[PDB]
Structure formats: structure tokens, C-alpha cells
């Protein structure tokens, strides 16, 4: 399957191509996407994105994983998380979300198996 393009991003709102649902935060992978909800993992801005947050993207099979860490990058990303993805042979991009969605879609556009997790507020 193909990584869907992210169709729109604005404050606290995201749309994935071929999704029925307007998300706030989301996970996106080859073949689909889901709402990202910190309550499922107990993720806060600190210590931030956990392996548990990205696990379900990893297990879909991606070469590259983009983390959109928010509009002003207030959401931290522990290095143990990034190293977790690297052990799994994944190219990781950590960026402010606008720049994340932009990178993500360029990877989609060059037919890379790309996934990601995006935070659309602070």
C-alpha cells in the first residue's frame, strides 16, 4: 500500500487523503492513518513522544518516520525514542509540524514508504 498525502494542516486540525476523519493529532503510515491521542499512552509535552506512540507506525513497515513535534516545538522527543526507531533501521525526521507535513508529503511524492506522528498545536 501507499503512504497517504496529508491534505490539510491548520491549528489543531489535520486531514489525511482518503480518511473520513478530521484529526487533531494523527498517525499516518502506508495504507492508512489514525487519530493520535496522548491519553492512550499517557504522553505529555515532557518527557514527550514515547516508543509506544510510534510503535504502531513501526509495525506497518516504513523506511522513514517523520515526527511533527508541534507548532512551536514545545513537545519534547527523548533520544531513547529516536534510538528505538534507529535500531529498527528507520530514517527519522524530527521537525516543527508545518515543516514535518511538508517533508512527509515530499517523501510521499517520491514514493517512499513513509510514516509519521504529528502534533498540530503546541
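Numbering follows the first chain given and starts at 1.
Checked against the record, the higher mean CA B factor of 98-106 and 16-24 lies with 16-24. Taking only CA atoms, the mean B-factor in the PDB entry is higher for 1-9 than for the other of 111-119 and 1-9. Within the selection 61, 47, 89, 70, the deposited Cα B-factor values reach their highest point at 47. Split the chain's modelled residues into thirds by C-alpha temperature factor. Residue 40 is in the lowest one.
Ranked within its chain, residue 75 lands in the highest third, by CA B factor from the PDB record.
Sorting the modelled residues of the chain by their CA temperature factor places residue 54 in the middle third.
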